[PDB]
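Encoded as structure tokens, the following chain is the form deposited in one PDB entry, with no partner shown.
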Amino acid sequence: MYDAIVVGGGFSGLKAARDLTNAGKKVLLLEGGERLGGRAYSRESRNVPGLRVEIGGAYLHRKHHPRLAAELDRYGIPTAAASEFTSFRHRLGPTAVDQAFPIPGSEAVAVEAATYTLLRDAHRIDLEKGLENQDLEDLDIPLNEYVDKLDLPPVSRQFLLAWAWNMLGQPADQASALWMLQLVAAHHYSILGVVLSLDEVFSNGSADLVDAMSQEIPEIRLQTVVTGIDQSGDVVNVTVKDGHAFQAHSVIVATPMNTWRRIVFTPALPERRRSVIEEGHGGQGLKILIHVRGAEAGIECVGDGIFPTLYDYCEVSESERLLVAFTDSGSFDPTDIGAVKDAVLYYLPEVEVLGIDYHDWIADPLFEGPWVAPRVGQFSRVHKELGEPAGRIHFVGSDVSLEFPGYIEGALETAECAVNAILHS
């Protein structure tokens, strides 16, 4: 038996297992898959032999992400500025200007006023209380309705919606306006900063930091899928698909929220959590790496396309690159290459699509989704509680971070909190 079993070897599990180990606890980490890192996944390109790509979560910003910065510094992990955009190819209508902030002067007054409203609304959110504890239900409505109320002129309207579609991984009618405001709050109450935090990347992929952390974790079992967590006895019993159980005084659930429903908890989890757990969050973000020819470096495109965003990802050769597109898997089928071409050509009619690469997070039984975003009405009902302990079982991860949900920083933050709680007892 162990002091702690950690379930899941994403960044959160890795942090928690390492820091409990360095505190002198006896820890076991169980990861269901054949790799560590979770929704941070670097691997070989499907399109380009020998090419290392981030298929999951690539970007960071030192200022917004101090725990991640500290990890990078601890292990001397090299980062680089994300590809600068030097060419803008928006689809926002004839008055938009082709630069990173494409709003024309004729919209300036409207943007001013909307800026006040958006930040006013976001300033209602105290990031420590939980979205269900602040009388925020009036904001917890479909984004398209909230945006219709701002009544914005065309360029800024579509610019906001496009970026919200990219960032939330939901179309406007499925996204919560409240969750959009939570992301604003999380970035030091900044609309701009939501996009500005795409600031740096791992020079060698997020695996660099995965490997550094794992090297400090003495006991890790891969291909070990947890199926039951039973705290009915004096010591927690952890049951596993094809093997003998493991026991520990404490268990950390560091798996994705949308998989918790596949674990049997004994006794059953607090009733208020159960239906959100059963339903899952609604995020459907779909990131597609597009292998292309005929694109010059430094392109960014934002617009009204089925791809709200399409931007430079990496050089492959002198004539070839990867672009990245964001959309959502409810609205777009990435295996339909014809559809991919149409979506690309919309912005960039000179560009030839060679290939696509993505991971199906939704179909992956170890995830059942990409990054977190709640369905409308979910998080103003129950939110903070999803990341709070039930007896000796802690719940951690990006999915349940109050402070930086959906980012690596949030995986670190939630782990930090579970670790401290365990150290006190």
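Note that residue numbering begins at 1 and tracks the sequence as displayed.
In what follows, reference is made to the form deposited with a small molecule bound, a form of this protein that is not presented.
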### Message
If the cut-off is 4.5 angstroms on heavy atoms, which of these, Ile337, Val316, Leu345, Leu196, is the one near the small molecule in the deposited complex?
### Response
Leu196
### Query
Which listed residue (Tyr311, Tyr146, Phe246, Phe332) meets the criterion of a heavy atom within 4.5 Å of the small molecule in the deposited complex?
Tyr311
### Query
For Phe265, is any heavy atom within 4.5 Å of the small molecule in the deposited complex, or not?
no
### Message
Residue-level question: is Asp304 within 4.5 Å of the small molecule in the deposited complex, judged on heavy atoms?
### Response
no
### Query
If you check in the deposited complex, is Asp208 within 4.5 Å of the small molecule, heavy atoms only?
no
### Proximity of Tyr75 to the small molecule in the deposited complex, heavy atoms at 4.5 Å
no
### Message
Just to confirm the contact call: exactly one of 188-196, 123-131, 346-354, 269-277 touches the small molecule in the deposited complex at a 4.5 Å heavy atom cutoff, so which is it?
### Response
188-196
